[PDB]
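S.K.: Structure provided below as C-alpha cells; questions to follow.
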RNA sequence: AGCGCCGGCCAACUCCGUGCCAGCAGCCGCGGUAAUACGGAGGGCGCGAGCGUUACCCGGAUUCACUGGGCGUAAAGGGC
RNA sequence: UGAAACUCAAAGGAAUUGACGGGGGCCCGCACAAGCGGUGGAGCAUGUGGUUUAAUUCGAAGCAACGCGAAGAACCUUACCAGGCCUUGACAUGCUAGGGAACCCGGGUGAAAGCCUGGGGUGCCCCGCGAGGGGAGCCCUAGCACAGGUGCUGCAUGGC
RNA sequence: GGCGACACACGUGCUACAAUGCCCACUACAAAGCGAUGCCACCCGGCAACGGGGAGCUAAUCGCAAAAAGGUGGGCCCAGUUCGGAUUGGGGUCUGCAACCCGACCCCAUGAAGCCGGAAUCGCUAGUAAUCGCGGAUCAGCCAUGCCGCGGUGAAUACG
RNA sequence: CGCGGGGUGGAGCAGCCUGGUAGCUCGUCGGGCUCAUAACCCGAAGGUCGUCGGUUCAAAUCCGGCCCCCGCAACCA
RNA sequence: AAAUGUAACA
Ligand SMILES: [Mg+2]
Ligand SMILES: [Mg+2]
Ligand SMILES: [Mg+2]
Ligand SMILES: [Mg+2]
Ligand SMILES: [Mg+2]
Ligand SMILES: [Mg+2]
Ligand SMILES: [Mg+2]
Ligand SMILES: [Mg+2]
Ligand SMILES: [Mg+2]
Ligand SMILES: [Mg+2]
Ligand SMILES: [Mg+2]
Ligand SMILES: [Mg+2]
Ligand SMILES: [Mg+2]
Ligand SMILES: [Mg+2]
Ligand SMILES: [Mg+2]
Ligand SMILES: [Mg+2]
Ligand SMILES: [Mg+2]
Ligand SMILES: [Mg+2]
Ligand SMILES: [Mg+2]
Ligand SMILES: [Mg+2]
Ligand SMILES: [Mg+2]
Ligand SMILES: [Mg+2]
Ligand SMILES: [Mg+2]
Ligand SMILES: [Mg+2]
Ligand SMILES: [Mg+2]
Ligand SMILES: [Mg+2]
Ligand SMILES: [Mg+2]
Ligand SMILES: [Mg+2]
Ligand SMILES: [Mg+2]
Ligand SMILES: [Mg+2]
Ligand SMILES: [Mg+2]
Ligand SMILES: [Mg+2]
Ligand SMILES: [Mg+2]
Ligand SMILES: [Mg+2]
Ligand SMILES: [Mg+2]
Ligand SMILES: [Mg+2]
Ligand SMILES: [Mg+2]
Ligand SMILES: [Mg+2]
Ligand SMILES: [Mg+2]
Ligand SMILES: [Mg+2]
Ligand SMILES: [Mg+2]
Ligand SMILES: [Mg+2]
Ligand SMILES: [Mg+2]
Ligand SMILES: [Mg+2]
Ligand SMILES: [Mg+2]
Ligand SMILES: [Mg+2]
Ligand SMILES: [Mg+2]
Ligand SMILES: [Mg+2]
Ligand SMILES: [Mg+2]
Ligand SMILES: [Mg+2]
Ligand SMILES: [Mg+2]
Ligand SMILES: [Mg+2]
Ligand SMILES: [Mg+2]
Ligand SMILES: [Mg+2]
Ligand SMILES: [Mg+2]
Ligand SMILES: [Mg+2]
Ligand SMILES: [Mg+2]
Ligand SMILES: [Mg+2]
Ligand SMILES: [Mg+2]
Ligand SMILES: [Mg+2]
Ligand SMILES: [Mg+2]
Ligand SMILES: [Mg+2]
Ligand SMILES: [Mg+2]
Ligand SMILES: [Mg+2]
Ligand SMILES: [Zn+2]
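Chains as they are written, first to last, in PDB author numbering: chain QY, 94 to 351; chain QN, 2 to 61; chain QC, 2 to 207.
Following this line, the structure appears as C-alpha cells:
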C-alpha cells in the first residue's frame with residue numbers, strides 16, 4: 094500500500110486546545126436533553142484520549158439537560174480532531190418528555206474554536222502619540238489666559254483622540270488624558286475581537302436549527318448518518334455513550350483527498 | 002449463536018459437567034424441565050393443546 | 002392479552018387428551034418426543050388430506066395412531082398404496098410396531114381446525130379477508146353449529162398497520178365449562194408477513 | 001410525432017432509487033428505509049402538429065342575490 | 001365616519017359522542033379511617049441506575065421495569081471481551097467427481113480447538129474355484145447451489 | 001477472561017438491635033411432596049462438615065425425617081451483653097477435569113454496624129395478619145435470604 | 001494628589017470597635033412528594049478572611065507597607 | 001388558598 098504523502102498542507106491551529114460549546118435548538122426541553130447527550134459523548138471521547146475537558150458555563154434544562162454548555166478541552170491535537178463537530182446535529186427519537194409516543198425531530202448545535210488567548214497589547218507606545226498643549230476655555234483668572242495646561246493626545250494608528258481640561262495643571266490633565274486614551278484603545282480592540290467571535294460563530298452554529306449539515310442521530314432504527322461525506326454507520330449508542338474515533342476518521346480521510 | 006448451540010448441547014462433551022439440558026422443542030437452555038425435556042413455555046403450549054398425557058390445569 | 006386457551010380449559014370435562022397413555026418418570030420424555038415427531042411427520046404429509054386431530058395410544062413397544070381427516074382417501078391411497086407407505090415411514094421413525102388407523106370427519110365444516118386452515122388458505126390466495134371470515138362463519142352455522150366465531154390478526158390485505166378482524170354468530174360462551182367448543186388455529190404465510198387465524202365452533206353444551 | 005398527465009377532485013399503476021433529503025404542489029396535501037403524490041423505468045390515460053405553462057375576461061359564484069341572498073346565537077338592527 | 005398593506009384555510013352557529021372539572025347527586029374497592037406488622041436508618045443477600053472495564057452481552061422503565069425474562073452464570077450455560085483456530089461450515093435438502101465406505105484404536109504438535117498422521121475388516125444383488133466390475137446402504141475429500149446469524153425493526157407481525 | 005467490577009444512587013428481601021428474649025439439655029404435636037450411576041436406615045472413624053461399611057425401598061411397605069415455635073428443667077441479669085453475627089485470619093470437608101478471579105458446608109479464632117430508624121411509604125378484614133418450621137421445581141454443586149407450595153401457633157380493628 | 005469607607009464560601013451581607021467562637025439568606029448536593037417540573041419536606045457539603053510583613057502565648061479581628069473598589073475634595077486669581 | 005407539561009396519531 095503506497096501511503097499517499099499527506100505532508101503537503103500545513104496547519105496553524107491544528108494541535109491547539111479547543112473550546113467546545115453545545116447549545117439547544119428546535120424542540121423545547123428535548124433538545125436541551127440531547128445537548129447533554131452530545132456533551133457526555135464528547136466527554137467520553139476526551140477522557141478516552143487523556144484530554145482535559147473543563148466546563149466554564151452551563152444553563153440547565155427545564156426538565157434535565159443543557160440549553161447551553163461551554164467547555165475547554167485541552168490536549169494534543171484537540172481542535173485538529175473535533176473541528177468537524179461545528180454545525181447542527183439533528184435528532185430523531187421518542188422523547189423522554191412525550192405524552193403520547195411519537196417520533197420528534199429536535200436539533201442541537203456545536204461550536205468548536207481554537208485557543209489563541211487574547212494578548213494585552215497595552216501601555217500605549219508613545220511614538221504613536223501627538224500631545225497638544227494649548228490654553229483652556231472658560232472660568233479661571235489670569236492663570237487661564239496665560240497658563241496653557243489644556244491637553245489633547247492623539248493615537249495615530251487608531252485615530253482615537255482625547256482631550257482633558259478639568260483641573261488646573263496639565264500634568265494632572267495629562268494623567269487623565271493618558272489613562273482615557275488607553276481605555277479607548279482597549280475598548281476599541283476588545284470590540285474588534287468580540288466582533289470576530291459573533292461573526293465566526295454565526296457561520297458555524299447555523300442560524301437555522303432543524304435542517305442543517307453535520308449528522309442526524311436516529312434512535313428507532315439505529316442510524317448515525319453524517320451527511321457531509323457519504324457514510325451512515327449504526328454505532329449510535331457505541332459512538333454516543335462512548336467515544337467515536339472511527340467516525341471522525343472517515344471525515345478526515347475524505348477531507349484529506351479534498 | 003443458536004443452532005450451533007442446540008447442536009453442541011446434543012454431542013457428548015469432554016467432561017460430564019459441561020452437559021446441560023436444552024428444550025428439545027425450541028432449543029431453550031433456561032427453565033428446562035427434566036421430566037418433559039421441555040421449557041416452561043413449550044410445557045405450557047403443549048399442555049393447553051392436550052398433547053401431554055395426563056397433564057391438566059391444576060386448581061385447588 | 003388475556004383469554005385462556007379454550008381446549009386446555011376443558012381437558013377432562015368436554016375435551017380429551019390427544020396422547021392417551023401412561024409412562025413412568027424415566028420414560029415419559031422419550032415417548033412424548035417420539036409422539037411429537039409422529040405429529041411432525043403427519044402434520045406435513047397429511048395436510049392436503051384435511052388433518053383435524055391426531056390421537057395416539059401406547060401400551061408396550063406398540064403404538065396406535067388414529068388420524069381424523071375430511072378426505073380419508075387422500076390418506077389411504079389406491080387400495081392402500083399410501084396407507085402402506087405410511088407404516089414404513091412410520092415404524093422407521095418409531096422403531097416399533099406403529100399401528101396407523103384412519104377415521105372420518107363427518108362434517109369438516111363443523112371441525113374448527115379445518116375451518117381455520119381453510120380461511121388461512123383463502124388469505125394466502127389474496128382473498129378478501131373480511132368477506133372470507135363472514136363466509137366461514139356462514140358455513141359453520143349452516144352445518145348446524147350452535148355458534149361460531151372466527152378471528153384473523155395481522156397485516157390484513159397487506160396494510161402496514163396490523164389490525165384484527167373477527168365475526169361471530171349464535172352463541173360462543175367461552176366461560177362455560179360444560180359448553181363444547183372446538184378450537185383451531187392456522188398460520189397464513191404471505192409475502193408481507195404472518196396472519197393468525199382462530200376458529201371457535203360451539204357444537205353444543207353437554 | 002410530439003406534448004401533458006396517471007394520490008383525491010380527475011381518465012390512467014407497477015418496479016427500482018431516494019429516506020421530512022432531493023424535491024412535488026391548483027386546493028386538500030405528499031417525502032422521516034415496501035412513497036400508486038419526489039426522480040427514472042415499464043405500462044397506462046388524454047390530446048395530436050401540436051401539447052402544456054404563465055397572464056387576463058366571463059362562468060361555475062344565488063359569493064352584490066332585478067331574475068336570485070341575508071341580519072337572536074354564524075358577518076349583520078342604528079341606544080331611543 | 002372609517003380604510004389599506006400584509007397574513008391565514010380557516011374564523012364561526014347549533015347540536016352529538018367522549019374525556020375532564022379545585023361542578024353536583026348516588027354508589028363500590030384494605031382507597032381512607034380504625035387497627036396490627038413492616039419498608040425508608042444498620043449489616044448483609046439480591047435486581048437496577050450509574051460509573052468503571054478489553055468485555056463488565058441483552059431485554060424490562062410510573063402504577064403495570066427494578067429476588068422481573070433467569071424454576072440454579074466457576075468451565076458449560078453465553079448471546080460480550082482477548083487470544084488460537086475452521087470455510088458447504090456444528091446443522092438440512094441437493095446434484096457432480098475421487099477414496100474407501102460405514103465403525104473403533106492409538107501417535108505427533110498444541111492451552112484446547114484445530115492442524116498432522118500411523119492403525120485395522122464393508123454387507124448386498126451380483127461374472128464371483130479367477131484377478132477383477134459395481135449399485136447403494138454411510139463416511140471421507142474437492143465443488144457448486146445453499147446453510148448459519150441471540151445482527152436491526154415488538155413502529156411491518158403471528159402467538160402468548 | 002467477563003456477565004460476580006465499585007467514589008456512588010434506588011427498588012425487593014434476609015438477619016437484627018434483645019428478657020413476651022438468648023443459650024444448653026431433655027421431651028412432644030403436622031401437612032404436602034420427593035426418591036435405583038436415587039433416597040439412605042443402622043454401624044464404625046472424626047469435635048464436625050464428612051468419610052468408610054451396610055440393610056431396606058420399582059416405594060400408604062423402605063428412606064429423606066429432626067418438624068420448629070411449643071413443653072419441662074438449668075444458665076444468662078440489662079451491659080453493645082451468653083444481644084447481633086458482619087468482617088478477617090487459620091485449619092479442613094464435598095461436588096466437580098477444574099472452586100485464583102468465582103461454590104456451598106464444617107471447625108478454631110476474630111466478634112463490625114446496629115439501643116428500633118428523617119422526609120416519605122407498603123401489606124393485611126379471620127384461620128387473615130403476625131410469627132414458626134417442612135417440601136418441591138431448577139439442580140454435579142451452589143452463591144435460595146428468591147420463587148411455587150405445605151401445615152403449626154394464632155390476633156387487633158372497621159364509628160363512618 | 002489630598003480626606004474616609006471597603007475587600008470575609010458560587011452570589012449578597014454579618015462577625016472587627018471590648019483579640020481565642022467565622023454566621024444569615026439564596027445557591028450547590030443527596031434523599032423525599034408528583035406521571036413529571038416547579039413549589040414544598042428531610043439531611044449535607046462548602047470560606048488562602050485582598051496580598052506582604054508584626055504586636056501577641058494567640059490575628060478575619062490590633063499596627064504598618066503595597067494592590068484593587070466606592071464616596072468626597074481639587075478653591076482665590 | 002396550590003403553578004406548568006412545547007415540537008411528527010397511523
Ligand atoms: Mg446563551
Ligand atoms: Mg466659554
Ligand atoms: Mg502661568
Ligand atoms: Mg506662562
Ligand atoms: Mg456470532
Ligand atoms: Mg431460529
Ligand atoms: Mg450443568
Ligand atoms: Mg438447562
Ligand atoms: Mg391533463
Ligand atoms: Mg398513499
Ligand atoms: Mg380532468
Ligand atoms: Mg382514478
Ligand atoms: Mg439525500
Ligand atoms: Mg416507513
Ligand atoms: Mg422504498
Ligand atoms: Mg411516480
Ligand atoms: Mg400527483
Ligand atoms: Mg391541427
Ligand atoms: Mg395554448
Ligand atoms: Mg371567476
Ligand atoms: Mg353572479
Ligand atoms: Mg332579491
Ligand atoms: Mg347568505
Ligand atoms: Mg355576533
Ligand atoms: Mg361572537
Ligand atoms: Mg333596538
Ligand atoms: Mg356605533
Ligand atoms: Mg358548541
Ligand atoms: Mg355535552
Ligand atoms: Mg367527578
Ligand atoms: Mg391498600
Ligand atoms: Mg378484601
Ligand atoms: Mg392506613
Ligand atoms: Mg426500615
Ligand atoms: Mg436498606
Ligand atoms: Mg439493556
Ligand atoms: Mg434485542
Ligand atoms: Mg439489563
Ligand atoms: Mg412491578
Ligand atoms: Mg462463557
Ligand atoms: Mg464459548
Ligand atoms: Mg420495545
Ligand atoms: Mg404491539
Ligand atoms: Mg402482538
Ligand atoms: Mg465466564
Ligand atoms: Mg446479569
Ligand atoms: Mg465480583
Ligand atoms: Mg440509599
Ligand atoms: Mg431494601
Ligand atoms: Mg434477598
Ligand atoms: Mg457478640
Ligand atoms: Mg464490638
Ligand atoms: Mg440495649
Ligand atoms: Mg411522613
Ligand atoms: Mg421477621
Ligand atoms: Mg438444586
Ligand atoms: Mg458470592
Ligand atoms: Mg427453603
Ligand atoms: Mg449588613
Ligand atoms: Mg462587609
Ligand atoms: Mg440537594
Ligand atoms: Mg495587611
Ligand atoms: Mg483564629
Ligand atoms: Mg471663595
Ligand atoms: Zn421450549
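All C-beta atoms, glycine included, are put in the ideal place defined by N, C-alpha and C.
So for residue 27(QN), helix, strand or coil by DSSP?
M.R.: Taking the first residue of the second chain as position 1, residue 27(QN) is located at position 26. Here residue 27(QN) sits in coil by DSSP.
S.K.: Which residue or residues does DSSP assign as beta-bridge partners of residue 176(QC)?
M.R.: Against the third chain, residue 176(QC) aligns to sequence position 175. The partner list for residue 176(QC) (beta bridge, DSSP) is empty, contrary to what the question assumes.
S.K.: Between which two residues does the beta strand (DSSP E) holding residue 268(QY) run?
M.R.: Here residue 268(QY) is taken as the residue at index 175 of the first chain, counted from 1. That residue, residue 268(QY), is in no beta strand (DSSP E); its alpha helix (DSSP H) goes 263-295.
S.K.: Expressed to the nearest angstrom, what Euclidean distance is found between the alpha-carbon atoms of residue 142(QY) and residue 167(QY)?
M.R.: Working through the first chain from its first residue, we reach residue 142(QY) at position 49. Working through the first chain from its first residue, we reach residue 167(QY) at position 74. Rounded to the nearest angstrom, the two C-alpha atoms are 11 Å apart.
S.K.: Less than 8 Å between the CB atoms is what I'm expecting for residue 129(QY) and residue 159(QY), so what's the real figure, rounded?
M.R.: Start at 1 with the first residue of the first chain, and residue 129(QY) comes out as number 36. Start at 1 with the first residue of the first chain, and residue 159(QY) comes out as number 66. The pair is a contact, with the Cβ atoms about 5 Å apart (cut-off 8 Å).
S.K.: So is residue 30(QC) in contact with chain QN if we call contact Cβ pairs under 8 Å?
M.R.: Counted from its first residue, the third chain places residue 30(QC) at position 29. It does; some Cβ of chain QN falls within 8 Å.
S.K.: Rounded to whole angstroms, how far is the Cβ of residue 309(QY) from the Cβ of residue 185(QY), which I believe are closer than 8 Å?
M.R.: The residue you call residue 309(QY) lines up with position 216 of the first chain. The residue you call residue 185(QY) lines up with position 92 of the first chain. 7 Å between Cβ atoms; contact.
S.K.: Considering residue 69(QC), what are the terminal residues of the beta strand (DSSP E) in which it resides?
M.R.: Position 68 of the third chain, counted from the first residue, corresponds to residue 69(QC). Where residue 69(QC) is concerned, the enclosing beta strand (DSSP E) stretches over 63-70.
S.K.: According to DSSP, is residue 124(QY) helix, strand or coil?
M.R.: Counted from its first residue, the first chain places residue 124(QY) at position 31. If DSSP states are grouped into helix, strand and coil, residue 124(QY) belongs with the helices.
S.K.: From which residue to which residue does the beta strand (DSSP E) around residue 93(QC) run?
M.R.: What you label residue 93(QC) is simply residue 92 of the third chain in a count that begins at 1. Run containing residue 93(QC): none in the beta strand (DSSP E); it sits in the alpha helix (DSSP H), 82-95.
S.K.: Under a Cβ-count criterion, where at least 16 other Cβ atoms within 10 Å of its own Cβ denotes burial, should residue 177(QY) be classed as buried or exposed?
M.R.: Looking up residue 177(QY) in the first chain gives position 84. By the 10 Å Cβ count, residue 177(QY) comes out buried.
S.K.: Since residue 141(QC) and residue 110(QC) are thought to touch, with beta carbons under 8 Å apart, how far apart are those beta carbons, to the nearest angstrom?
M.R.: Residue 141(QC) sits at position 140 when you count from the first residue of the third chain. Residue 110(QC) sits at position 109 when you count from the first residue of the third chain. Contact flag correct, Cβ pair sits at about 6 Å.
S.K.: Is any non-hydrogen atom of ligand 4 found closer than 7 Å to the C-beta of residue 247(QY), if you look at the structure I gave you?
M.R.: Position 154 of the first chain, counted from the start, is the residue given in the question as residue 247(QY). Residue 247(QY): no, Cβ never under 7 Å from ligand 4.
S.K.: Which two residues bound the contiguous beta strand (DSSP E) that contains residue 159(QY)?
M.R.: Taking the first chain and counting its residues from 1, one reaches residue 159(QY) at position 66. Segment 159-167, the beta strand (DSSP E) holding residue 159(QY).
S.K.: Spell out a yes or no on whether the segment 3-18 of chain QN and the segment 37-55 of chain QN are touching, meaning 3 or more CB-CB pairs, one atom from each, closer than 8 Å.
M.R.: No: fewer than three Cβ pairs fall under 8 Å.
S.K.: Relative to the alpha-carbon of residue 171(QY), which residue among 138(QY), 192(QY), 193(QY) and 301(QY) has its alpha-carbon at the smallest distance?
M.R.: As a first step, residue 171(QY) must be located in the first chain, where it is residue number 78. Answer by Cα proximity: 138(QY).
S.K.: On the three-pair Cβ rule with 8 Å, is the segment 154-168 of chain QC touching the segment 103-123 of chain QC?
M.R.: No, the segment 154-168 of chain QC does not touch the segment 103-123 of chain QC.
S.K.: What is the DSSP secondary structure of residue 119(QC), counted as helix, strand or coil?
M.R.: Your numbering for residue 119(QC) matches position 118 in the third chain. Three-state DSSP puts residue 119(QC) in a helix.
S.K.: Could you tell me how far apart the beta carbons of residue 35(QC) and residue 95(QC) are, in whole angstroms, since I believe they sit closer than 8 Å?
M.R.: For the purposes of this step, residue 35(QC) is taken as residue 34 along the third chain, with counting starting at 1. For the purposes of this step, residue 95(QC) is taken as residue 94 along the third chain, with counting starting at 1. So it is a contact: roughly 6 Å between Cβ atoms.
S.K.: Do residue 133(QC) and residue 199(QC) have their beta-carbon atoms positioned less than 8 Å apart in this structure?
M.R.: On the third chain, residue 199(QC) is found 198 positions in, with the first residue counted as 1. On the third chain, residue 133(QC) is found 132 positions in, with the first residue counted as 1. In this structure, residue 133(QC) does not lie closer than 8 Å to residue 199(QC) by Cβ.
S.K.: By alpha-carbon positions, which one of 51(QC), 49(QC) and 66(QC) ends up nearest to residue 38(QC)?
M.R.: The sequence position of residue 38(QC) within the third chain is 37, counting from 1. The candidate whose alpha carbon is nearest that of residue 38(QC) is 66(QC).
S.K.: Can you tell me whether residue 336(QY) is buried or exposed? The criterion is at least 16 other CB atoms within 10 Å of its CB, across all chains shown.
M.R.: Reading the first chain from its first residue, position 243 is the one you call residue 336(QY). When all chains shown are included, residue 336(QY) counts as buried.
S.K.: The alpha helix (DSSP H) spanning residue 31(QC) covers which residue range?
M.R.: For the purposes of this step, residue 31(QC) is identified with residue 30 of the third chain, where counting begins at 1. From DSSP, the alpha helix (DSSP H) with residue 31(QC) extends over 29-46.
S.K.: Enumerate in chain order the residues of its own chain whose CB-to-CB distance from residue 343(QY) is below 7 Å, with the five nearest sequence positions on each side excluded.
M.R.: Your numbering for residue 343(QY) matches position 250 in the first chain. 322 and 324, listed in sequence order.
S.K.: What are the start and end residues of each continuous beta strand (DSSP E) run of 3 or more residues lying completely inside the segment 169-252 of chain QY, in chain order?
M.R.: DSSP runs (the beta strand (DSSP E)) wholly in the segment 169-252 of chain QY: 180-185, 200-206, 225-228 and 242-247.
S.K.: List the residues of chain QC whose Cβ lies closer than 7 Å to the Cβ of residue 25(QN), in chain order.
M.R.: Locating residue 25(QN) in the second chain gives position 24, where the first residue counts as 1. Chain QC residues near residue 25(QN): 34.
S.K.: Write down the C-beta distance between residue 257(QY) and residue 278(QY) rounded to the nearest angstrom, noting that I regard them as a contact closer than 8 Å.
M.R.: As a working note, residue 257(QY) is residue 164 in the first chain. As a working note, residue 278(QY) is residue 185 in the first chain. Not really, about 16 Å apart at Cβ, beyond 8 Å.
S.K.: I need the boundaries of the beta strand (DSSP E) containing residue 200(QC), first residue and last residue.
M.R.: What you label residue 200(QC) is simply residue 199 of the third chain in a count that begins at 1. Taken as a continuous stretch (DSSP letters only), the beta strand (DSSP E) holding residue 200(QC) covers 195-206.
S.K.: Note down the Cα distance separating residue 197(QC) from residue 112(QY), rounded to an integer number of angstroms.
M.R.: As a first step, residue 197(QC) must be located in the third chain, where it is residue number 196. As a first step, residue 112(QY) must be located in the first chain, where it is residue number 19. Going by the C-alpha atoms only, they are around 58 Å apart.
S.K.: Ends of the beta strand (DSSP E) at residue 135(QC)?
M.R.: In the third chain, counting from the first residue as 1, residue 135(QC) sits at position 134. No beta strand (DSSP E) contains residue 135(QC), which is instead part of the alpha helix (DSSP H) from 130-143.
S.K.: Who does residue 147(QY) pair with in a DSSP beta bridge?
M.R.: In the first chain, counting from the first residue as 1, residue 147(QY) sits at position 54. According to DSSP, residue 147(QY) bridges with 165(QY).
S.K.: Is the beta carbon of residue 47(QN) within less than 7 Å of some heavy atom of ligand 65?
M.R.: In the second chain, counting from the first residue as 1, residue 47(QN) sits at position 46. No; taking the cut-off as 7 Å, the Cβ of residue 47(QN) has no heavy atom of ligand 65 nearer than that.
S.K.: Consult DSSP for residue 300(QY) and reduce its assignment to one of helix, strand or coil.
M.R.: Here residue 300(QY) is taken as the residue at index 207 of the first chain, counted from 1. Coil at residue 300(QY), not helix or strand.
S.K.: Throw me the rounded Cβ distance for the residue 138(QC) and residue 168(QC) pair, which I believe falls under 8 Å.
M.R.: Stepping through the third chain from its first residue, residue 138(QC) is reached at position 137. Stepping through the third chain from its first residue, residue 168(QC) is reached at position 167. Sure, about 5 Å apart at Cβ, within 8 Å.
S.K.: Across the segment 115-128 of chain QY and the segment 209-228 of chain QY, are there enough close Cβ pairs to call them in contact, namely three or more that are closer than 8 Å?
M.R.: No: the two stretches stay apart, fewer than three of their Cβ pairs being nearer than 8 Å.
S.K.: Suppose contacts are defined by Cβ-Cβ distances below 8 Å. Is residue 163(QC) in contact with residue 203(QC) by that definition?
M.R.: Locating residue 163(QC) in the third chain gives position 162, where the first residue counts as 1. Locating residue 203(QC) in the third chain gives position 202, where the first residue counts as 1. No, they are not a contact pair.
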